[PDB]
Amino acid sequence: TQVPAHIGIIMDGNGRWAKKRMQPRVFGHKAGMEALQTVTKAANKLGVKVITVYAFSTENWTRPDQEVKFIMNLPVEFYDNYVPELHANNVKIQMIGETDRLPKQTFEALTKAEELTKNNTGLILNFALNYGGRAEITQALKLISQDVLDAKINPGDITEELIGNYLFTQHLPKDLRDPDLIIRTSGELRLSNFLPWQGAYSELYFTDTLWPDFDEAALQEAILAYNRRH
């Protein structure tokens, strides 16, 4: 039975999860990190090659300032709780999006994890940060037109394959750029501008399970559902 090579994950339901426990939304975001660690280690053992997680959308900047500040600080303060273990598990950490606009300490924590794990050959945990699909496509189409104008490439070179090489996912191995499966938790049956180009042919999987409750058994059920697809 097939193991999806690349899984896209839209984490949802952290606030509802926390509220059921009479806790603020930020308590749910911390439990969301625990869930991501569990899922990453299990997927790596199962043979999944890439996990792209929708960590921070360009729309997430509209959340209350205190919540945005708390979120940006998570990889800074909890780096030791997760990154050395992912490294010991041979997991390679990467990121996609307009990351040059992340707060400096957040950008540094992510770059430090990337530099530490850059030679790792196991699962690639790919954080989509300051990411939007239409914006990603726009930056690709813009960079291509500039290259055509500079005569670095000619208009005859403009193909679907060329566009793929200018998307943020260009740093993933060529055969792993596109998710085989996209998971959205908390029962939301919608697209939220996550990998619209790369995920154009992806199998979709929706669960009512809130993201902090998504564990190894929930990942196994998603893979089982994926294997019953044709």
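In case it trips you up, residue 1 is the first one in the sequence shown, and so on.
Remark: stretch with higher mean C-alpha B factor among 192 to 200 and 39 to 47 is 39 to 47.
Mean CA temperature factor is higher for 15 to 23 when stretches 214 to 222 and 15 to 23 are set side by side in the entry. As recorded in the entry, 143 carries the highest CA temperature factor of 74, 137, 143, 123. Of the candidates 114, 150, 98, 108, it is 150 whose Cα B-factor is highest according to the PDB record.
Among all modelled residues in its chain, residue 133 ranks in the lowest third by Cα B-factor. Split the chain's modelled residues into thirds by C-alpha temperature factor. Residue 90 is in the lowest one. Per the deposited record, the Cα B-factor of residue 52 falls in the lowest third when ranked against the other modelled residues of its chain.
For residue 187, the recorded CA temperature factor ranks within the highest third of the chain's modelled residues. When the modelled residues of the chain are ordered by their C-alpha B factor, residue 59 lands in the highest third.
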